[PDB]
Amino acid sequence: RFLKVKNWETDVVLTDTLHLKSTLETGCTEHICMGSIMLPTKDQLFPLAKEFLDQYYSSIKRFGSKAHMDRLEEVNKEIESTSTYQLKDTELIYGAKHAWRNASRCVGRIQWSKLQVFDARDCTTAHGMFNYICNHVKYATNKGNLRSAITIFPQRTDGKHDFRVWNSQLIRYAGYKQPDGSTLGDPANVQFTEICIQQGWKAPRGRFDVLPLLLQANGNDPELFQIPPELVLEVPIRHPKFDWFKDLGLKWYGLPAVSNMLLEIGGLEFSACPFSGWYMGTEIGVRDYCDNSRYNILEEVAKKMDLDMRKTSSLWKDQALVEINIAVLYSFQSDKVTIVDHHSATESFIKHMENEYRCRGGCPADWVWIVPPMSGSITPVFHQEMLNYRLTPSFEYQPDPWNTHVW
Amino acid sequence: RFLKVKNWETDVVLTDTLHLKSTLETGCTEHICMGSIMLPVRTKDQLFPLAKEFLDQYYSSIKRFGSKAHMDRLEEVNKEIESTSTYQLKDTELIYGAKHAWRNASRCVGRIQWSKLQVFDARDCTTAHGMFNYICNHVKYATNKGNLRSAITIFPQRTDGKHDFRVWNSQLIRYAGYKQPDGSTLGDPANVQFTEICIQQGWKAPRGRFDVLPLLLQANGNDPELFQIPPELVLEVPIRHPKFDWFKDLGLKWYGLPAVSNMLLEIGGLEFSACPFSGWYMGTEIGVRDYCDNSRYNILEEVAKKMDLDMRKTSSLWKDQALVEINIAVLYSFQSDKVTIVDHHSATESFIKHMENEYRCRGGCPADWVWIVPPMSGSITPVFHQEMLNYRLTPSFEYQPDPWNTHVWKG
Ligand code: HEM
Ligand code: HEM
Ligand SMILES: Cc1cc(N)nc(COc2cncc(CNCCc3cccc(F)c3)c2)c1
Ligand SMILES: Cc1cc(N)nc(COc2cncc(CNCCc3cccc(F)c3)c2)c1
Ligand SMILES: C[C@H](O)[C@H](O)[C@H]1CNc2nc(N)[nH]c(=O)c2N1
Ligand SMILES: C[C@H](O)[C@H](O)[C@H]1CNc2nc(N)[nH]c(=O)c2N1
Ligand SMILES: [Zn+2]
């Protein structure tokens, strides 16, 4: 019932008690581990509300105070009457900070308490959503000095009046299938791109076309908007050694901003809650550029380096991978756009885990996600046992809107 | 019940039914995943079911389930257990069992090879000198002058747990490590405590960076005894780089034969506590972990110095650069000396083909993603993108406590 994790490189052992406050299910059983699977009423709501307010009031050192007992009654009264309830600004901010704190797949959580929360619960239309988002984008970008932020749209009511951002991230590139058989731009977004087109978008059909926002307010049909080009900070990619690298025509955007997840706080569900931090270099250079089903540039890079691509055992893919990732980091750093390398980010996460264990009794972490997609064992997280479990407030995946939406 | 796994790069979806035959526990629950934790005498009562389940599996594999030989064999094992408290495997069952423990090993990327395993039956062994001889023959057979052949050698099974056969070494061939008074380590830091044991038992340590350790062998629960593997049987590869001529002057070498000697083989409820097995290396095992782990040889800095990489900031990726060059070197060296090795692209690609065929023909393939994905360049190998299901099938290989912690010293 009380659990130990060991770091096999430093011998530091930590004791986890926080998991006993775990709530949702993992997908694993005593018979089978699903650790590597990507996704394994009025009566329902009040326990969820109480559990949250209890942790909130405990966190400001006022557990069991009149103010605590008063709030619980007020929410109880509101749920019995209205069938839902409203969070105080203080609770909303705490809730959002803790959903990030509890994100077991996130390596950057040392930052969790520095989150700017934009309360957009007063929003009513897609134009309003567009405004809130441009404002979030400009605030977070901060001319390259990135600041973590979330913007929180109104909560689910009856589930037929959902606010949704249809985009998977606020800033992404279009993907197009061509007569060729090959894919131009990002193959991850082919389907979303087509949805844009079929909703009215004027696609320039290039390699790096910033997608428009498809924004759904109050369960209404989603509407298109172009983000002002001037708010999208992009970085041309060059290499500090290879003068040919720039002519691959590679660029990426400065702002990673997840926009398709669901924030659960105290039983309430926020289906539009785009949030953003800054990039770890491997996300672009390893995954975005080198995944076979993404930009898949390894072949083209290895050729310009004139490596022996004859046998996999020359490690040409691995050589090219490192150079691409050097170029990503160098480019962001030369243009003064915040970025972190996987060495620095994973070392910070170890420090963060030690703080969480000492201060809070644990830190849920999903090793499969935390260990970077290159050079795994040379980062400390590789040697770090982790325990994965679900705490709330949380961010959750949710069905893509187009499969759900009644037109 | 069916479970599906998807490969997110290819969209190939596979269906697992084999997990229904899983017995032992994972360590996980509905509330906690322990997927990244390294480690999360029997009675007649529990033994006959374990025997029955195994013999049912054996007899199914040979298409003789429910046959007269099948039924007679169950009755013969039943009686043997009721009379003696244990039972003996037929040679055919031992071979089947050992191959299946490997087939079932969810942390092994090399399992495409599982049906090609040379099983050496050492159950007639009685003494440490006997074990030594068996182990030399395994090494010489598996080494095959560099054309490596997989093999296992199986010493007598556990009886009352007071007469165990144990190989005290964690692998048959490993380099010594010596903690210096100044706190630095000479040789391999992983093997310090074991080296200390060997010296206490009387080993004369040459005290270099790559001293092959002696075998420390325990027969029949007796105190273990030391033996030196004949050096002519220990194939070694000096490590050099195809472009960098200073690489040789680092004085690196490694041995060709990876041979695990501290695991326990369970077959039909019987426990073989001494069962050294060997295959051949995937390059990253040496190049990434043995050479570049912080708690191991730790050569990243020295290599990076010699490459004249920018070392003042981690974001130059100097470690990542040096890591790739070292791994190029290991693969080049082995290939040049005609010693079997596999690179991590070839090995993971082969594993995915193995895994798909297993799903098709067997109904599943338990796999532990944490261990299967290579410790460098993870996502440019196809296994990173493959969902996997981890569960425990028997026959199996299992960890066991280090024998110095449990052994009752006779003197
Ligand atoms: C400040 C810098 C941040 C860094 C360096 C960072 C790092 C990362 C990385 C590398 C991943 C894996 C992404 C992937 O592989 O696709 C991730 C996942 C995640 N992060 Fe962060 N993060 C940051 C900020 C944030 C913020 C501000 C939030 C929420 C407020 C957040 C919530 C999450 C969530 C929910 C996931 C998992 C997403 C999923 O399962 O698809 N992160 N983090
Ligand atoms: C044919 C060549 C083989 C290759 C390339 C190979 C590859 C590997 C690698 C890379 C690992 C992880 C090792 C580590 O990180 O320490 C491993 C684990 C393992 N393999 Fe293999 N393997 C091979 C043959 C075998 C054989 C012959 C057996 C037994 C008959 C075996 C059984 C196991 C077991 C039980 C593990 C888990 C070890 C542990 O948890 O410490 N493998 N394999
Ligand atoms: C906020 C933030 C900061 C930072 N440095 N990086 C990020 C990266 O976020 C993402 C990037 N790319 C994709 C996603 C969404 N991932 C969903 C994975 C998935 C795919 C398919 C099925 C499934 F169940 C789960 C998030 C986010
Ligand atoms: C047969 C074979 C072939 C091949 N290519 N590679 C191997 C590698 O096998 C090992 C190498 N080094 C160490 C081990 C033993 N693993 C121990 C893992 C461990 C460490 C500490 C605690 C724990 F619970 C578990 C196996 C084995
Ligand atoms: C199948 C497997 O779970 C999948 O490829 C995971 C592995 N680890 C990951 N880790 C991160 N950070 N991001 C990912 O998208 C994935 N993908
Ligand atoms: C804590 C963590 O599980 C541990 O470092 C694991 C990670 N994956 C591994 N994978 C392999 N093949 N071998 C290892 O020793 C490890 N170590
Ligand atoms: Zn699990």
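Protein chains in written order, with the deposited numbering: chain A, 299 to 338, 350 to 716; chain B, 299 to 338, 348 to 718. By construction, the Cβ of each residue, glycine as well, lies at the ideal position given by its N, Cα and C atoms.
For residue 306/B, there is no enclosing beta strand (DSSP E), as DSSP marks it with neither H nor E.
Excluding the 5 residues flanking it on each side, residue 689/B has same chain C-beta neighbours closer than 7 Å at 307, 655, 656 and 659, in chain order. Annotation for residue 459/A: the continuous beta strand (DSSP E) segment containing it runs 458 to 461. Interface annotation, residue 686/A: in contact with chain B, CB-CB separation under 7 Å.
For residue 334/A, the residues of chain B that pass the 7 Å Cβ criterion are 676, 694 and 695, in the order they occur in the chain. Scanning the stretch 575 to 630 of chain B for uninterrupted beta strand (DSSP E) segments of 3 residues or longer gives 577 to 579, listed from N- to C-terminal end.
Inter-residue distance for residue 565/A and residue 590/A is about 11 Å (C-alpha atoms, whole angstroms). Distances from the CA of residue 614/A to each of 634/A, 653/A and 551/A were compared; the closest alpha carbon is that of 551/A.
At a cut-off of 7 Å, the C-beta of residue 413/A has no neighbouring C-beta in chain B. In chain order, 682 make up the part of chain B whose C-beta sits under 7 Å from the C-beta of residue 691/A. The beta strand (DSSP E) runs of length 3 or more contained entirely in the stretch 445 to 492 of chain B are, from start to end of the chain, 458 to 461 and 484 to 486. The beta-carbon of residue 650/B is placed less than 7 Å from the nearest beta-carbon of chain A.
Counting only the Cα atoms, residue 596/A lies some 11 Å from residue 692/B. As the crow flies, the alpha-carbon of residue 616/A is around 15 Å from that of residue 636/B. Residues of chain B whose Cβ lies closer than 7 Å to the Cβ of residue 712/A do not exist; the shortest such Cβ separation is about 17 Å. Of the other Cβ atoms in all chains shown, 16 or more fall within 10 Å of the Cβ of residue 400/A; this residue is therefore buried. Cβ contact annotation for residue 492/B (same chain, cutoff 8 Å, sequence separation greater than five): 484, 485, 486 and 499, in chain order. At a C-beta separation below 7 Å, residue 631/A has these neighbours in chain B: 624, 627, 628 and 631. Assigned with DSSP and collapsed to three states, residue 573/A falls in strand. Taking residue 527/B as the centre and dropping the five residues before and after it, the same chain places the C-beta of 470 closer than 6 Å to its C-beta, in chain order.
When DSSP states are grouped into helix, strand and coil, residue 313/B belongs to the strand group.
In the displayed model, residue 640/A falls within a helix according to three-state DSSP.
Listed along the chain, the chain B residues whose CB falls inside 8 Å of the CB of residue 315/A amount to none; the nearest CB is some 12 Å away.
Here the alpha carbons of residue 414/B and residue 531/A stand approximately 47 Å from one another. Checking the 6 Å criterion, the Cβ of residue 588/A is within range of a heavy atom belonging to ligand 3. Below 8 Å, too few C-beta pairs join the stretch 704 to 712 of chain B and the stretch 695 to 710 of chain A to call them touching: fewer than three.
The alpha-carbon separation between residue 424/A and residue 321/B amounts to approximately 46 Å.
For residue 383/B, the nearest beta carbon of chain A is not closer than 7 Å to its own beta carbon.
Counting only the Cα atoms, residue 687/B lies some 14 Å from residue 632/A. Distance from the CA of residue 570/B to the CA of residue 420/B, rounded to the nearest whole angstrom, comes to 19 Å.
For residue 357/B, the enclosing alpha helix (DSSP H) begins and ends at 351 to 368. The Cβ atoms of residue 580/B and residue 465/B lie closer than 7 Å to each other.
Within the same chain, Cβ atoms closer than 7 Å to the Cβ of residue 541/B are found at 480, 519 and 562, the five residues on either side in sequence being excluded. The three-state secondary structure of residue 656/A, taken from DSSP, is helix. Taking the Cα of residue 362/A as reference, the smallest distance to any Cα among 624/A, 437/A and 574/A is reached at 574/A.
With contacts defined as CB atoms closer than 7 Å, residue 503/A and residue 334/B fail to qualify as a contacting pair.
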